[PDB]
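Engineer: Here you go, one structure.
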Amino acid sequence: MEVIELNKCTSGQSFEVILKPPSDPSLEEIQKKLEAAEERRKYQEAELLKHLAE
Amino acid sequence: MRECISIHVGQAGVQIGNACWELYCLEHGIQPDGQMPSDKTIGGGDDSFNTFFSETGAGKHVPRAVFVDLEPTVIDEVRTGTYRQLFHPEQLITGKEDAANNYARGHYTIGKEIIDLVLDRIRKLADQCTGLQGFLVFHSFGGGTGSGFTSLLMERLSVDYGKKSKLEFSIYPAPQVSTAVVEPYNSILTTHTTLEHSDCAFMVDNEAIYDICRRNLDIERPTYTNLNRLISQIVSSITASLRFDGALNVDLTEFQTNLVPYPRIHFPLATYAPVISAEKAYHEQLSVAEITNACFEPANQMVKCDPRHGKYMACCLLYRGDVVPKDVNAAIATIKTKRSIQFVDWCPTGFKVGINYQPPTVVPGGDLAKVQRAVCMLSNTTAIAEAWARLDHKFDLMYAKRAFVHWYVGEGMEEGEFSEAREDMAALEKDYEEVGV
Amino acid sequence: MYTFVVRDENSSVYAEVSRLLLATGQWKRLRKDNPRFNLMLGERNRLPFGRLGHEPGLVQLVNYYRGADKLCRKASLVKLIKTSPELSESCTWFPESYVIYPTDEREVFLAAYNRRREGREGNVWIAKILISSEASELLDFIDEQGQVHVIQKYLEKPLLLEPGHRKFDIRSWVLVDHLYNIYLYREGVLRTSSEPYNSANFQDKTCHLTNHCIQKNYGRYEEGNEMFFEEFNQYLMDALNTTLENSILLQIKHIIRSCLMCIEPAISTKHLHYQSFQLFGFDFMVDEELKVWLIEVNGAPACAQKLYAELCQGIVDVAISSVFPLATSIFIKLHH
Amino acid sequence: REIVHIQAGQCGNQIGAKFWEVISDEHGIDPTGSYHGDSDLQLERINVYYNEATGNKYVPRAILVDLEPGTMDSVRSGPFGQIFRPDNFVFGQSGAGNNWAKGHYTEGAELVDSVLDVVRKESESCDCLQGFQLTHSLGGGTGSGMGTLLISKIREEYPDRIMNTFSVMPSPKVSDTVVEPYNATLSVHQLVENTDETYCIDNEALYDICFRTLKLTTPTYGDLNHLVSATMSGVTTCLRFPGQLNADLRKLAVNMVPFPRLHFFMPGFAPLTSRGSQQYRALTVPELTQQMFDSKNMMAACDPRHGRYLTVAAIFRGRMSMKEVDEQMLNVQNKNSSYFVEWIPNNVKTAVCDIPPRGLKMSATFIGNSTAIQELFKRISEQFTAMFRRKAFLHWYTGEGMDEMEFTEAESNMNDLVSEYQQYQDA
Ligand SMILES: Nc1nc2c(ncn2[C@@H]2O[C@H](COP(=O)(O)OP(=O)(O)OP(=O)(O)O)[C@@H](O)[C@H]2O)c(=O)[nH]1
Ligand SMILES: Nc1ncnc2c1ncn2[C@@H]1O[C@H](COP(=O)(O)OP(=O)(O)CP(=O)(O)O)[C@@H](O)[C@H]1O
Ligand SMILES: Nc1nc2c(ncn2[C@@H]2O[C@H](COP(=O)(O)OP(=O)(O)O)[C@@H](O)[C@H]2O)c(=O)[nH]1
Ligand SMILES: [Ca+2]
Ligand SMILES: [Mg+2]
Ligand SMILES: [Mg+2]
Ligand SMILES: [Mg+2]
């Protein structure tokens, strides 16, 4: 019913119609998580090469 | 004027990006070589289209966009594509081997090797900006790169651009064109890690796009090209307010303001109409009332769900073509008495409307017919949570047996991150329910 | 070969349906967590409607309408009728009722309650259980149990069956298929009282409440305190010179259709990716002037032992086999 | 993404040569190494298996291995014998006498370093090596013993690469010696630990198919290898031609292997055909789908109804209705959903390739990870135990330095593998 904030221009127009009223981690922490995960990969690869060495 | 940078990650992101930037060019009258005859401010300017294009002294208009994929196959087709001259090399970043449908491999292993390079290539674009608003990120949920590398990028952007807004365009996994069984894992994982770093995210379920193409375009077995040309039309409707003169959604911050009252619940549902086949010999053009009414048909939504059994927090109507406010208000009044539209008590029951007189552009040779008026509705309804429910159920079935988990643990990810991600999703589903019932 | 799943074991109605389906040799039952089903006989609580209709290559159907609980919950039925224009707020076939919360429209109820007092009208009401003529006798009871109840005007002048001078209520079974056709089962049942109706003392609730549960003078006049339509019709003809159709059933058909058409746009699965049907149990009440009143709607009704075979077979024919065809009718179509 | 191919022993080289023969024809490569095809689809991913040489000549990235020169001399004089890089012929003179120990510990240990020098030379030419595929039998000495030795040493030097194998299982119906169950059990132990993907090619199944279905009264190894080469072509189609699904060895592994040890696949194929016997009638898509799933078409003598599918990869080849394919693929799953584990949603994936194989207008190749595969290992274990309980024929092995304990461990690990497969069949 109530049309408001009507704005017009050559390209078009915009408006709002109401029907009814109402009723971060740091750079440090990121690299640490990425490098910690890289070590877990290194440990796993080492255990394998150890196993293969046996 | 404030600039926007578009980031395209993984196959899905890149190929959707190509569809969109192709469409953008046709809408602004930019040619494949980057020349824009209508632009009379040679070598620069601060027009509304400059939000997405920078300019060179030679009069070339280049996308403020970076393409990134951990495998060269897809971006190589950009480098040699019809719009090869549009972009320049440092915008197109490729690795050697991909993430193999593995989030952990995309985030931790291979992601660590290329994150610094990508940020540097992004920083170069940001340096050419007088007022950077933020970023539009295109990616899949299911891919290893789209999921894994994206979340890492979004984390760093929040550090390197803390004040800037970040919007997502995300492809939700659909078995009909899926390429991996573990895509539910990747989806939950990338959502959990990206959630606090995203201000607004537009989800597109490939299932919905697939069936629209089959049902309305009479394409028996849609290709990615079919899906993407349809998606770009939606994306174009959403971003048109950033690239054209107007007073609705003029910057990124306004997307959050108008569509996202609660930060975590930042996944608006998109509904688009009309989708008409080009090969359709005889077509009766649809009215403002008919296309507006179609916005409340589930068969036209980007995510199949039932908004009748949820609550609205916000609702925007974005028209393109022959449309005036009078016909819209008449349409809304009629629809309101016929359909079930419940807003949350702490929100006004209303609609923000935007009209652009330019009717939607269609790619020559495409599947879409030209129309005299089209509309895209952006509604923040709790009903979209049905998609989180489907996804988490599949996640629970596989994780109960720890199936495929060893692929992730073998890349340096802890098993605990699976359950941390899943509990974050459990909280998200509960949020939607508190608000919605 | 169609497939289905069972997620409500306590359902006597659909226990019989799953039986019949298997006995066709064209339906195969799967495990409860198998997603590759055609038909879902779902649970009563938190039925995952959101996971339906997302299986490529499968037409899916469920035996419940999402959103139909607004009709089948007492607090909701009152709110629905009062707020819906199609049922106004001056709806003539629903007893005056109010939504009351433990410590809402309590003040509004008193603006009705005391209105009767000063106006010298009947003042017996019912809490949903406590039949009383004093308000605070009721308001004290609802706050004592725990959660929300409904206060409703008690029909002090019910139709009374002779022999016995007894009270009764009518149960009608209604099936709504996927096309939102409204089918009324031709066989209904009168769940009667056996101890004569006592107008003065309300607290002994054996003659006031006609639930098949409570009264088990049982089996005196009727086998099971259940009078079917052929007998009730014959009684109406002999004792009142009218029929069941004219005096009662027209009102029943009218009330059923009005209720379900009010909520059609909110629950219809016409253009949905999955489909719904559902069996309802409408409970009606007849006063001495042969005026039918709606009491409630049951979303998960049980049937009567005689009628299980016929009704359950009926469900397969028009609700299931209509969607999934295989290699005179017992329903009345309430047209619209 | 280059793949390095290795073929070891008599069987390994005989199917390996047949494999290069078949796919060379599909990629339009003649025995000279010259391309003579009419479609560009043929060359788009030909780098996966072929190295590019002078005069635009294509040379297989293949390494031929044996402890005797007999079979490899037959390869070099065979049809496509000249296409292979002569330096990649690495052979001893002593043979392995169908003895795992000789291949793994003595005779083969003497030769293995020479082989790894060639592997290394090939690997450094690769822009991005994705991994290795080995062809061999498990019933002999070289392919079984030295092949698994090679695998172990390749994993040591390339621990982040995918190891894939085509492993021919022994069968009494097609048997060279009594000690094949010994050789096979020792090999399976190695494979469980050191490969990501193993195609179980059962000589029992290959025999039965030839006899029961193809009506070949007395099948030869040549007949058996018709089926193997047809299967090998199909399971590598997604790697050799452009596509989005299972295009590299790692993505296949991630989609097919929910648990690291359970990576032994049942290959299937349709239509089944004998050599020379010309087929005139092209199968409909429903027919291809039904047959490729039937036990009679499985290359591993296991009843898939005795187990459950963890994962499935299917590849249809030829000109056909991709809509009909998806319909039929969905029908199989929806009609027999019990034989697919419910705790891996959407575990069946399908690819389609326009190029059919030679002689057929269309075909379907099946790759199943079923728990029913345990029947294969149980069968080997029973034959193993029958002899081992009496320590029969063990002197052939103790004579090369092996101890009885090593047999006991191998036996125990294969029985563990069996029980693991059984664990998920009742989940
Ligand atoms: N709509 C649409 N979806 C796509 C497209 N390409 C891939 N997808 C979807 O994305 C998911 C797979 O993610 P991809 O983007 O292909 O993989 P990626 O991002 O490259 O990650 P990796 O390949 O594992 O390194 C699947 O669900 C696909 O259906 C596309 O062009 N359009
Ligand atoms: N307003 C009213 N006036 C007179 N009698 C009433 C009444 N409301 C209910 N009754 C009587 O009380 C009984 C209570 O049944 P209600 O349907 O209210 O609860 P229920 O849901 O536990 C029984 P069912 O589900 O089997 O119908 C009715 O069958 C009817 O006989
Ligand atoms: N399918 C097939 N199997 C073979 C062939 N040659 C040998 N075998 C099988 O492999 C086992 C013998 O191993 P073999 O390859 O001859 O031993 P190796 O030369 O020392 O590696 C037995 O189980 C045979 O049935 C062949 O050409 N084709
Ligand atoms: Ca300019
Ligand atoms: Mg990719
Ligand atoms: Mg009840
Ligand atoms: Mg031999």
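Chain D is numbered as in Swiss-Prot, which gives 2-428 for the residues shown.
Per the header: X-ray crystallography, 2.4 Å.
The backbone N, Cα and C atoms fix where each Cβ goes, and this holds for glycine too.
Okay, these came from Swiss-Prot:
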| type | residues | note |
| --- | --- | --- |
| BINDING | D:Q11, D:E69, D:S138, D:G142, D:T143, D:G144, D:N204, D:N226 | GTP binding site |
| MOD_RES | D:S40 | phosphoserine |
| MOD_RES | D:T55 | phosphothreonine |
| MOD_RES | D:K58 | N6-acetyllysine |
| MOD_RES | D:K58 | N6-succinyllysine |
| CROSSLNK | D:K58 | ubiquitin cross-link |
| BINDING | D:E69 | Mg(2+) binding site |
| MOD_RES | D:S172 | phosphoserine |
| MOD_RES | D:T285 | phosphothreonine |
| MOD_RES | D:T290 | phosphothreonine |
| MOD_RES | D:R318 | omega-N-methylarginine |
| CROSSLNK | D:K324 | ubiquitin cross-link |
Engineer: Would you mind pulling the DSSP three-state label for the residue listed as 'omega-N-methylarginine'?
Structural biologist: strand
Engineer: Closest to D:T55 (phosphothreonine): which of the recorded positions D:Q11, D:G142, D:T290, going by Cα position?
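Structural biologist: Minimum Cα distance from D:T55 (phosphothreonine) across D:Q11, D:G142, D:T290 lands on D:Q11.
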Engineer: Which of the three DSSP states, helix, strand or coil, fits D:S138 (GTP binding site)?
Structural biologist: strand
Engineer: Looking only at D:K58, D:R318, D:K324, the recorded positions on record, which one has the least crowded Cβ, with the fewest other Cβ atoms within 10 Å?
Structural biologist: D:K324
Engineer: Within 10 Å of the Cβ of D:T55 (phosphothreonine), how many other Cβ atoms can be counted across all chains shown?
Structural biologist: 7
Engineer: Taking the Cβ of D:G142 (GTP binding site) as the reference point, list residues of the same chain whose Cβ is under 8 angstroms away and which are at least six residues distant in sequence.
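Structural biologist: Result: D:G10, D:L68, D:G96, D:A97, D:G98, D:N99, D:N100, D:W101, D:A102, D:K103, D:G104, D:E108, D:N184.
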Engineer: In whole Å, how far is D:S172 (phosphoserine) from D:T143 (GTP binding site) when you measure between their Cα atoms?
Structural biologist: 18
Engineer: Given a 10 Å Cβ-Cβ cut-off, pick out the one of the recorded positions D:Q11, D:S40, D:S138, D:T143, D:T285 that has the most other Cβ atoms nearby.
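Structural biologist: Top count of Cβ atoms within 10 Å goes to D:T143.
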Engineer: Cα distance, D:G144 (GTP binding site) to D:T285 (phosphothreonine), nearest Å?
Structural biologist: 39
Engineer: So if I measure Cβ to Cβ from D:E69 (GTP binding site) and keep only same-chain residues at least 6 apart in sequence, which ones fall under 8 Å?
Structural biologist: D:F92, D:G93, D:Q94, D:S95, D:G96, D:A97, D:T143
Engineer: For the recorded positions D:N204, D:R318, D:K324, return the ones with C-beta distance to chain B below 8 angstroms, or 'none'.
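Structural biologist: In terms of proximity to chain B, the recorded positions that count are D:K324, given in sequence order.
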Engineer: Would you identify which of the binding-site residues D:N204, D:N226 has the most other C-beta atoms lying within 10 angstroms of its C-beta?
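Structural biologist: The most densely surrounded of these binding-site residues is D:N204.
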Engineer: By CA distance, which of the modified residues (D:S40, D:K58, D:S172, D:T290, D:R318) lies nearest to D:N226 (GTP binding site)?
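Structural biologist: If we rank D:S40, D:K58, D:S172, D:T290, D:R318 by Cα distance to D:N226 (GTP binding site), first place goes to D:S172.
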Engineer: Filter the recorded positions D:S40, D:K58, D:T290, D:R318, D:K324 down to the ones within 10 angstroms of D:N204 (GTP binding site), Cα to Cα, kept in sequence order.
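Structural biologist: Near D:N204 (GTP binding site) by Cα: none of them.
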Engineer: Out of the recorded positions D:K58, D:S138, D:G144, give me the one sitting nearest to D:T290 (phosphothreonine) by CA distance.
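Structural biologist: Smallest Cα separation from D:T290 (phosphothreonine) among D:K58, D:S138, D:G144: D:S138.
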Engineer: I want to verify one value. Collapsing DSSP to three states, which class is the residue listed as 'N6-acetyllysine'?
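Structural biologist: Strand, per DSSP.
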Engineer: Among residues D:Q11, D:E69, D:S138, D:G142, D:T143, D:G144, D:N204, D:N226 annotated as binding GTP, what is the maximum Cα-Cα distance? Answer in Å.
Structural biologist: 23
Engineer: In whole Å, how far does the CA atom of D:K324 (ubiquitin cross-link) lie from that of D:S138 (GTP binding site)?
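Structural biologist: On Cα coordinates alone, these residues lie 39 Å apart.
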Engineer: Going by C-alpha distance, which of the modified residues D:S40, D:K58, D:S172, D:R318 is nearest to D:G144 (GTP binding site)?
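Structural biologist: It is D:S172, whose Cα lies nearest.
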